[PDB]
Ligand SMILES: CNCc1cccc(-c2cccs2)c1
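Here's a solo chain for you in structure tokens, the form solved without this ligand.
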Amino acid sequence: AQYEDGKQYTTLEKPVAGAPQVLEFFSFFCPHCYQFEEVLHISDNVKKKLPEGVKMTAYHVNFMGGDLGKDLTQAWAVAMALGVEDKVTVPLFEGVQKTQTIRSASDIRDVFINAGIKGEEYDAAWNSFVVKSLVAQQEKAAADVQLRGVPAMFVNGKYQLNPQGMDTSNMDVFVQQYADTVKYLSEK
């Protein structure tokens, strides 16, 4: 078959009840996640092909970067709570990996301030229990798919994308295949 379990995707031995329809894990410290988002634009290419009524969810992970990695998962919770993911994704990736100007929680906050989030608004979100719950949700979701590394993407809590089984010859053929596989899985 054109799509095969073990080729473009694998199947979770323990499917996750109630999981987001399309769930991406990443770290702003992960070099391959930087390529996925800033060079390949995997998330946007996937979103453009999702069936009607299917949304993409993206969660940050703690296991890269120590203290700052956890601060970034909390800041990503703030971005989710405030609905500013599209304002801060590029400056967080570039701040951590390109300019390496993000070295502390204050430097993360500066990205939000510079993007026009008011200081009081960021700080109230950072300290909120809504954000504490969002951190816990990101952690629980990684546990539920037995996450071992990033980038990673899971469809309907049942299928894990397998980019190492796709055609990696041309970067744009690869992005197309990745996005087409997510669409296929979302309809399975």
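The numbering used is simple: start at 1 and walk along the sequence shown.
Just so it is clear, the following notes concern the form deposited with this ligand bound, a form of the same protein that is not shown.
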item: Contact assignment for this ligand in the deposited bound form, among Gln35, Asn45, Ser128, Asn156, heavy atom within 4.5 Å; value: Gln35
item: This ligand contact at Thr11 in the deposited bound form, heavy atom, 4.5 Å; value: no
item: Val54: touches this ligand in the deposited bound form, heavy atom cutoff 4.5 angstroms; value: no
item: Exercise: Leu50 in contact with this ligand in the deposited bound form, heavy atom 4.5 Å; value: no
item: 4.5 Å heavy atom contact, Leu40 and this ligand in the deposited bound form; value: yes
item: Stretch 140 to 179 - residues with a heavy atom within 4.5 Å of this ligand in the deposited bound form; value: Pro151, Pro163, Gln164, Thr168, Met171, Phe174
